[PDB]
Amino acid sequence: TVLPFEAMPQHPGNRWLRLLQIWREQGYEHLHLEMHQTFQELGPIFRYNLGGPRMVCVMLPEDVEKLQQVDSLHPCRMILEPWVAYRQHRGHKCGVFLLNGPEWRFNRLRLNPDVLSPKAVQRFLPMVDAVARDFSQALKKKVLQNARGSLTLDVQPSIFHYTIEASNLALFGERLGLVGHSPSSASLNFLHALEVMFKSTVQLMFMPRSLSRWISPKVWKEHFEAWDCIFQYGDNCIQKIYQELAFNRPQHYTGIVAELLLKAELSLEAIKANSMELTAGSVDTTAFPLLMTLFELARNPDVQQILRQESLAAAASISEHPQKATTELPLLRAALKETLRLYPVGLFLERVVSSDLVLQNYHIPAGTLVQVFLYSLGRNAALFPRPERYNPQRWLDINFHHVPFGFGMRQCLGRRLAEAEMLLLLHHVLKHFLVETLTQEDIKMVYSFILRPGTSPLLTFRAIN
């Protein structure tokens, strides 16, 4: 017999002590570890006391399957009040992430063919590969200047300028000149603006506008000033492509955003909104799991040689046809699944369930907030034997086990672009370099809206030839 909602284990804490500790610490850096500990202590399902609303936390793929069933025509997410507040203030339309209901479905169906569809990936994958090549060849040049034919560095800046370049070329069809050169003032300010926006989000996110208004008004300024820079960067991108297309409609493929603009299925204000989400949403999301793959490969050399052997065999066919990298690199794809399992940028999946459902034999009423904690999900030994072990082979021996890009209609729009940028950088890196590190210690993870590593390790890149 199905147990009532109230029968479920309750989180020991409270929404006020959480609020005050956030005001204090100016963040919630250990949210992932807090929830992971709660799951260890209470079970794979528990309810958070919001003093009225219903909030459930899950960590099982069987529970994600049940959630997808309830999804409905319009899967609902929680309204991200601080973000929506900026758009309302400056008079901008919302992108597909911040949209809900029919307006969301209208935007999404017009976006999927150009951003996510396999036909679209066939078109922008050769562009991504071009930037991926330029990354390794720039590195190789620097590596060969040193006597020991290797360069030791913090790869993070390079990886970020790669994700900026690769995304810009995929969206707008413009080479920014970031890969292989000194970072732009515009790029650094953009990267900093995102970092601040994400930090301030957490600060304003866990309390109503009515409270945060007077408790933290300085944070609201910080947040909006940060968005002002993100939008300044984004609008510059759109103003360029909109003028270029206005005078000449090209024959060939010149990016995702060009497609959207040419089709004119969405309004300019809708294209502007979604273009913003894609320009800013492609930077930190792709670059952090890439840094974590490079680290884990430098940590697990045995895995690195297996992936290198694969990348060297398939090297020739990928050189002739880049779009073959998706199919001819099954282990490298599996390594990325493993990086996202242990290090999810998207700590939790979120749905304000549209109808009643039953999770772990507990009644979950309609309107209930359901959060799928990916950190805990990926770290349960029952479903991932030896979960601490970085093993891509586990994804080849074996269904909702791999949900880092979400699920259903609402699943990550930039999923296939991110995978493409990640696969191709790594394929080109494995082909020429050996990634090595003395930092064998686990990198601590920090919650700043995105689950980012706290520290960047020193990585050696030894030239194979």
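Position 1 is the first residue in the sequence shown; the rest follow in order.
- Per the record, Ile398 and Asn399 are separated by 4 to 9 deposited residues that have no coordinates.
- Checked against the record, the higher mean CA B factor of 207-215 and 128-136 lies with 207-215.
- Look at the C-alpha B-factors of 6-14 and of 440-448. On average they run higher in 6-14.
- Across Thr285, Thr293, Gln309, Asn168, the entry's maximum B-factor at the CA atom is seen for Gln309.
- Per the PDB record, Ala315 has a higher Cα B-factor than any other of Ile256, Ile230, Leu153, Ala315.
- Annotation for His321: C-alpha temperature factor in the highest third relative to the rest of the modelled chain, per the entry.
- When the CA B factors of the chain's modelled residues are split into thirds, the value for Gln305 lands in the highest one.
- Among the modelled residues of its chain, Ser158 has a C-alpha B-factor that falls in the lowest third, as given in the PDB entry.
- Remark: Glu222 belongs to the middle third of its chain, ranked by C-alpha B-factor as recorded.
- Placement of the Cα temperature factor of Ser267 within the chain: lowest third of the modelled residues, per the deposited record.
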